[PDB]
Amino acid sequence: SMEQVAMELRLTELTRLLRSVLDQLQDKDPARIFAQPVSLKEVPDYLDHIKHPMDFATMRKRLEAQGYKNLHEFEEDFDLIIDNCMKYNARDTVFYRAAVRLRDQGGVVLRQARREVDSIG
């Protein structure tokens with residue numbers, strides 16, 4: 001149908017907007033602490049602590065399969081990256097501090113993406 005195709009053009013455009021959001025959020029992590037999954041070879045107990053691991057490469061794979069239906073789902077994944085880090089790592093670590101900075105900095109980007117999604121439909 002024509003409706004299904006119109007829908008698919010909107011998801012494609014949302015995917016387009018979310019890709020730009022993702023790049024902007026990832027720039028706020030120049031150390032690349034959040035680029036890749038936590039290694040289970042290097043942190044063998046990780047899944048005993050963290051039930052839903054997340055990272056920017058995993059988000060990108062979902063993104064390119066158009067697996068984000070709306071901004072809320074994309075934000076959920078971003079929040080996992082931060083929230084998992086802040087639990088597993090203590091307050092006085094470079095990792096925890098990097099998460100705080102990414103949250104703070106990403107907030108600005110997410111604030112305007114929400115306006116852009118509502119605005120453009």
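With ideal geometry, Cβ positions are generated from the backbone for all residues, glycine too; neighbour counts draw on all protein chains shown. We did not get these values from a lab; they are worked out from the coordinates using the rules stated.
Taken over region 28-47, the criterion of being within 30 Å of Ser119 (Cα to Cα) and surrounded by fewer than 12 Cβ atoms within 10 Å (Cβ to Cβ) is satisfied by no residue. Applying the set (1) part of a helix (DSSP H, G or I); (2) closer than 30 Å to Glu8 by Cβ; (3) touching a residue at least 24 places away in the same chain (Cβ under 8 Å) to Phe95 leaves exactly one unmet item: (2). Annotation: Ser119 fulfils all but one of (1) surrounded by 12 or more Cβ atoms within 10 Å (Cβ to Cβ); (2) assigned to a helix (DSSP H, G or I); (3) not charged (D, E, K, R); the unmet one is (1). Restricting region 60-73 to residues that are hydrophobic (A, V, I, L, M, F, W, C) and touching a residue at least 24 places away in the same chain (Cβ under 8 Å), the residue that is nearest to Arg19 (Cα to Cα) is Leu63. When region 32-76 is limited to residues that are of a type in the set (A, V, I, L, M) and under 12 Å from the mean Cα position of the chain (by Cα), the one that is nearest to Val94 (Cα to Cα) turns out to be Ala35. For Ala57, are the conditions met, namely being surrounded by 15 or more Cβ atoms within 10 Å (Cβ to Cβ), within 30 Å of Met7 (Cβ to Cβ), in contact (Cβ under 8 Å) with a residue 12 or more places away in the chain and out of contact with any strand residue (DSSP E or B) (no Cβ under 7 Å at 6 or more places or on another chain)? No, not satisfied.
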